[PDB]
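Notes follow the structure.
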Amino acid sequence: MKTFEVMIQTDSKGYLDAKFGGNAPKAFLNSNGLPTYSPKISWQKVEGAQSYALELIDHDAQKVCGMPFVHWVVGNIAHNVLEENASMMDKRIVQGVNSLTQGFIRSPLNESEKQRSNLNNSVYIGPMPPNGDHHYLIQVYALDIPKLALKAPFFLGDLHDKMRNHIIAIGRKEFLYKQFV
Amino acid sequence: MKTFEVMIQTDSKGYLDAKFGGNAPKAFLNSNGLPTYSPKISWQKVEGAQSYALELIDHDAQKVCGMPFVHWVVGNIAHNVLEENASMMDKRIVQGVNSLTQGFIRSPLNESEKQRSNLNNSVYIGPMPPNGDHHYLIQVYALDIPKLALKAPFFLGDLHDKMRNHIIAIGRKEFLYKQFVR
């Protein structure tokens with residue numbers, strides 16, 4: 001199993017810009033004040049690959065709420081880049097359900113509202129760390145197949161189910177985002 | 001940045017034995033019914049590694065409750081192996097808070113109760129998947145320093161803070177565990 005370099009533009013101190021998370025100027029927040037504007041992320045081409053997948057996870061969220069928080073899951077990435085604002089704009093990628101959802105199985109909403117909430121949250125949600133600055137982990141998977149059989153709404157383990165036995169390489173990369181409010 | 005192989009004894013079908021997750025015979029549970037009996041996990045020795053660390057996560061939990069679930073967090077592993085029952089028996093390792101904890105910030109519990117909960121749950125908690133069989137992911141880190149500066153209670157994020165810039169290799173292994181019913 002091989003590895004590859006993953007990149008994302010941060011400042012000198014390794015911080016991603018305010019606009020990509022909770023501290024964003026209002027104009028980069030959606031109707032409800034949520035940072036939905038995804039950053040440009042890119043990585044080395046991996047020979048043999050035919051698509052890539054990506055998960056963005058906050059390990060520092062375990063302290064805050066008991067488990068790590070899922071910010072972004074994306075599969076069917078045809079090329080070695082996600083262009084800035086890809087989450088709202090890219091129409092070829094397929095996107096997984098993030099941890100703001102209230103459509104997980106043990107939720108008290110009915111089947112239809114679970115579905116509505118899952119699709120609603122099948123996007124990038126930006127950093128919003130309450131207890132202080134956090135590191136965030138981008139992990140990129142290089143796959144030996146062009147397409148994953150995934151339809152929104154799908155969850156992190158669904159990505160992994162369809163990726164299983166098809167991963168030729170993995171790339172990791174961390175960034176910082178300042179405390180929120 | 002290198003990778004290395006990680007091993008765990010499984011079924012011909014890829015399932016870890018019941019005893020490790022609370023379909024377990026009651027002899028392998030604690031007095032409260034919890035699967036705290038950790039499986040033997042080992043991996044190929046890596047060049048330059050002064051210590052190893054491990055984390056065990058269930059991504060399949062995300063669908064169930066909204067987030068992946070942390071089953072086990074461990075640092076200060078001197079050798080390329082954790083022996084069976086290591087979580088209970090190994091004096092040399094340090095262990096992070098698992099996802100049963102109710103000591104996270106923004107739990108309703110008071111400050112002192114949180115500290116207890118965190119410490120009480122600084123152990124391996126085995127698979128208990130409610131909705132069907134789950135895959136679990138073991139991730140092992142090879143480090144270039146012999147000891148991490150970690151003292152229970154500490155979380156997954158803390159493990160990573162101490163390991164940042166010291167990881168010389170990562171190993172990954174998945175296993176299955178049967179749906180848990182009552």
Side-chain angles (χ1 to χ4, degrees), chain A residues 1-6 14 55 57-71 73 96-107 114 117-118 121 129-137 139 153-161 163-165 167 169-174 176, chain B residues 1-6 14 55 57-71 73 96-107 114 117-118 121 129-137 139 141 153-161 163-165 167 169-172 174 176:
Chain A
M1 164 100 83
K2 284 329 198 96
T3 52
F4 56 95
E5 204 175 326
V6 172
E55 73 199 6
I57 289 169
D58 184 3
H59 286 150
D60 295 359
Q62 191 201 13
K63 174 155 198 184
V64 172
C65 70
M67 304 176 205
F69 186 101
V70 176
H71 281 94
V73 4
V97 172
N98 70 52
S99 301
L100 283 186
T101 185
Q102 298 301 129
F104 51 84
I105 293 164
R106 54 206 321 173
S107 172
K114 279 190 165 105
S117 184
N118 284 340
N121 291 284
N131 64 324
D133 308 352
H134 279 201
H135 284 73
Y136 290 86
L137 169 75
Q139 204 165 227
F154 67 91
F155 289 82
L156 189 48
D158 296 311
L159 186 63
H160 285 269
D161 286 353
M163 288 193 312
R164 197 167 287 113
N165 308 312
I167 316 174
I170 290 169
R172 286 210 343 160
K173 173 74 159 200
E174 297 184 305
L176 281 145
Chain B
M1 160 73 85
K2 253 93 177 174
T3 71
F4 61 91
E5 214 199 311
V6 177
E55 74 194 353
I57 331 279
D58 181 3
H59 295 141
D60 289 350
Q62 211 221 0
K63 181 184 265 141
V64 176
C65 72
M67 322 204 184
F69 187 100
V70 181
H71 288 272
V73 178
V97 187
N98 73 43
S99 282
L100 274 188
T101 188
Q102 283 287 140
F104 51 89
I105 303 160
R106 103 152 95 205
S107 170
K114 285 176 167 160
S117 200
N118 289 151
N121 292 279
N131 59 328
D133 313 337
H134 282 199
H135 287 80
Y136 295 81
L137 165 71
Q139 216 143 8
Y141 298 84
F154 70 93
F155 290 86
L156 194 57
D158 297 296
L159 198 250
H160 281 267
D161 291 344
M163 279 181 164
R164 196 160 296 115
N165 311 312
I167 304 143
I170 294 161
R172 285 188 12 123
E174 299 188 291
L176 268 312

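To find a chain, count down the sequence lines: A is the first, B the second, and so on, and within it residues start at 1. As a basis for the values below, the full set of heavy atoms in this structure was taken, side chains included, without hydrogen atoms, waters or symmetry mates.
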Please flag which part of A:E174 lies under 4.5 Å from any non-hydrogen atom of chain B: side chain, backbone, both or neither. side chain
Under 4.5 Å from a heavy atom of chain B, the part of A:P153 involved: neither
Provide the closest heavy-atom pair for [X] versus [Y] in the form atom of the first, atom of the second, distance.
X: A:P68; Y: B:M67; value: O-CB, 3.4 Å
X: A:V64; Y: B:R106; value: O-CG, 3.4 Å
X: B:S99; Y: A:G66; value: OG-O, 2.8 Å
X: A:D60; Y: B:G157; value: OD1-CA, 3.2 Å

Would the distance check show the side chain of B:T3 and the main-chain N or O of A:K2 forming a donor-acceptor pair, the cut-off being under 3.5 Å? no
Indicate yes or no for a side-chain donor-acceptor contact from A:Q62 to the backbone of B:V97 under 3.5 Å, with no hydrogens or angles considered. yes
Check whether any side-chain heavy atom of [X] lies under 4.5 Å from a side-chain heavy atom of [Y], and answer yes or no.
X: B:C65; Y: A:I105; result: no
X: B:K63; Y: A:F104; result: no
X: B:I167; Y: A:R172; result: yes
X: B:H135; Y: A:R164; result: yes

Count the heavy atoms of every other residue, nucleotide or ligand shown that sit under 6.0 Å from CD of B:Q139, and state whether that count exceeds 12. yes
Give, as side chain, backbone, both or neither, the part of [X] having an atom under 4.5 angstrom from any heavy atom of chain A.
X: B:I170; value: side chain
X: B:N98; value: backbone
X: B:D161; value: side chain

If you count heavy-atom pairs within less than 4.5 Å of chain A, which of B:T101, B:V70, B:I57 leads? B:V70
